[PDB]
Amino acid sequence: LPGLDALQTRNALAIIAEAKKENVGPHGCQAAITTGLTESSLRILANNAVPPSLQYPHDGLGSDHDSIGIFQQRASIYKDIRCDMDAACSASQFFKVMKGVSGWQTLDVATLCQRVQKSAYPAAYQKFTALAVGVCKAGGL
């Protein structure tokens, strides 16, 4: 997919397929891809502060609080570690929260990412929104 390496691509393809399953369209796909790029560079990251995360396949390690997976979901909040460590399932968790945001379908993508993620660094998402448009287009959204 444009602008991604092969490892990022396998993760993005799983996210895109889940976006289609959940019927969230280009806009929803863009929010998930932007978020994954921003949080993990589209990598399923385990975390030694969340020991069960190490039992699932992972692309690398992260050391941000108790965040795990592509979306850096905090294990104290998103307690299903297996789900957090799966590209599609972790994306589904993102999409379900996203769909609770009134007007998500047209809300500025970087803003929407922040509504879902409650990041300390909301401006960070803006760096990846343009790339996300292209990734999602290439994937059929």
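Numbering starts at 1 and runs along the sequence shown.
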Checklist entry - In the PDB record, does 9 to 17 or 119 to 127 carry the higher mean Cα temperature factor? => result 119 to 127
Checklist entry - As stated in the PDB record, which stretch has the larger average Cα B-factor, 75 to 83 or 39 to 47? => result 75 to 83
Checklist entry - Looking at 54, 109, 70, 32, which has the highest CA B-factor as recorded? => result 54
Next on the checklist: Going by the CA temperature factor in the PDB record, which third of the chain does residue 90 belong to: lowest, middle or highest?
Outcome noted: lowest
